[PDB]
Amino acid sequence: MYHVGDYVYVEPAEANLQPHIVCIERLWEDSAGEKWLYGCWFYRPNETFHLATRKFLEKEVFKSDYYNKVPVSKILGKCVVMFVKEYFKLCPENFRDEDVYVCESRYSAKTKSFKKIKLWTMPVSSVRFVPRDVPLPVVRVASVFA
């Protein structure tokens, strides 16, 4: 069911936290027959430390430097992360908009720093992208602090 280049929701370690968004970079099984994936975590805005004034696109995520392995049994479903240069003009067939995210920047969880992406270099999956019949508004909003 899963292929390299797919993005998946992975069960968090604490139940009921938001699932992690992971791009599958490798798949294998161990001698026990347990199936595993390895990939890059994409962080939601509240998983990063950022200037309180920073504005986020709705559905923004950040390509992180955190990579890990998890059993394929921890997958909750598929999703898609699109590079910002394509997200506004194209959308992925067979995905609900709630499961389509946009990525403009990397975030390092080592240094708590952001950097704009110049070249998108993720593995190519079988997702099929078509031009949007309805362009998405560019809409950026900051976090709310009590």
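Position 1 is the first residue in the sequence shown; the rest follow in order.
Comparing 132-140 with 18-26, the stretch with the higher mean C-alpha B-factor in the PDB entry is 132-140. Note on 116-124 vs 29-37: mean CA B-factor is higher in 116-124. The residue among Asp99, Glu86, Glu60, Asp65 whose C-alpha carries the highest B-factor in the deposited model is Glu86. In the deposited entry, the Cα temperature factor of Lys110 places it in the highest third of its chain's modelled residues. In the PDB entry, a CA B factor belonging to the middle third of its chain's modelled residues is recorded for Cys79.
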